[PDB]
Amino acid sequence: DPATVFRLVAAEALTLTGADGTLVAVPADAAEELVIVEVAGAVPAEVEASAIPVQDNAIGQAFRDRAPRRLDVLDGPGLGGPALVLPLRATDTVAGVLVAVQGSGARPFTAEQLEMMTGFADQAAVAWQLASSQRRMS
């Protein structure tokens, strides 16, 4: 189940960044909402299945503009501190948006961490695209 990839992405992102928490938001299936399908670390389990608007916020923006982004501050579903916003960019589709989140008063993410996680996010989108295509092949 391709959705399983997103769980591994959330888990590995938490390990690689050492951030307080991570989440992955995915279009349900032009989208007007993303849904948080996976959560790790300090992001409460209860946030899973949350609907995120595509418009007027950094997570939905990344889903549209395919631009990885570091933020000093990201509020709900962020945790108040720095964040990395990492679209999972496949060929001609965005699979979802991975977000690594810190509580207030954490150091900002470096450009190098952004670069590293952009690579991870790219590789993750390939993993997901492959899994999705294997499923259609049945």
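We number the residues from 1 along the sequence you see.
The entry shows a gap from residue 29 to residue 30, with 4 to 9 unmodelled residues of the deposited sequence in between.
Comparing the deposited coordinates for 125 to 133 and 15 to 23, the stretch with the larger average C-alpha B-factor is 125 to 133. Once the C-alpha B-factors are averaged per stretch, 33 to 41 and 103 to 111 rank with 103 to 111 first. Ranking 68, 60, 96, 80 by Cα temperature factor from the entry places 80 first.
Sort the modelled residues of the chain by CA B factor and residue 90 lands in the middle third. Among all modelled residues in its chain, residue 84 ranks in the lowest third by Cα B-factor.
In this PDB entry, residue 51 carries a Cα temperature factor that places it within the middle third of its chain's modelled residues.
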